[PDB]
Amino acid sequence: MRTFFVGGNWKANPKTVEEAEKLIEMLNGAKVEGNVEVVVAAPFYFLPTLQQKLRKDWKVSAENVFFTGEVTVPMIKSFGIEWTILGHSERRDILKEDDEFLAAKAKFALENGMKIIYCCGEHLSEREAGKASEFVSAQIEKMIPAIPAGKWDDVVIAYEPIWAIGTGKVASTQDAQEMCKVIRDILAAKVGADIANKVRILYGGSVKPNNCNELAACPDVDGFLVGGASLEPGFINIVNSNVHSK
């Protein structure tokens, strides 16, 4: 039985420390139902505030980790931050973060006691070419050798349908399920069923209060990496969709 997992990615939000404090006060009062592991990723400047004020049953995450302008594992590790996102689509696409680089980063983060939300997902061209499975499989196949023995408990994988983000195309609930299953099957083929059965695989497309319950019920969807809704009152609805996941 895999514990449902919801990560809230604030991205470059909110605008001020006062707004971050108000968001934290609201999350601290949220009534969680069911069984669910919740992590909140926030800009670097705000992590100290989160680590001090956020409900201790939830954990704080970096949105990325690393010279001038860059932030490192010991600093966040030394702050008591245990999680990072890696390979988020925005960073892959906009900043050309590549797979060798990213699998290398996962290896390094895990070797240093970090837990990771490792993002993957295909673009519109590969989806339209009928190569979505092939592309995503390749991404995970590059990730797999980077995971140290004994560290699979510290890995969560997030599927981002990049083909449906800013393109004029939308993903269905079935699309989410199918691509999460693709991921689980490649894990099973390469590292075995015990690993495949315990790794949480998340849907990282558009998740809102109006589609979370339907998505949660999908058998290979173990949770969400949430964007904009993480800043809104409906984040708790998404956390609580775990009750629909068998």
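Start at 1 with the first residue shown and count on from there.
The modelled chain breaks after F66 and resumes at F67, leaving 4 to 9 residues of the deposited sequence without coordinates. As the entry records it, the average C-alpha temperature factor is higher for 98-106, out of 78-86 and 98-106. Per-stretch averaging of Cα B factors for 16-24 and 222-230 places 16-24 on top. Ranking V155, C119, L124, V71 by Cα temperature factor from the entry places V71 first. Between the residues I162, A176, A132, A149, the entry's highest C-alpha temperature factor is the one at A149. In this PDB entry, the Cα temperature factor of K115 sits in the bottom third of its chain's modelled residues, the lowest group.
Among the modelled residues of its chain, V243 has a C-alpha B-factor that falls in the middle third according to the deposited record. In the PDB entry, a CA B factor belonging to the highest third of its chain's modelled residues is recorded for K190. Among the modelled residues of its chain, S206 has a C-alpha B-factor that falls in the middle third according to the deposited record. In the deposited entry, the Cα temperature factor of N35 places it in the middle third of its chain's modelled residues.
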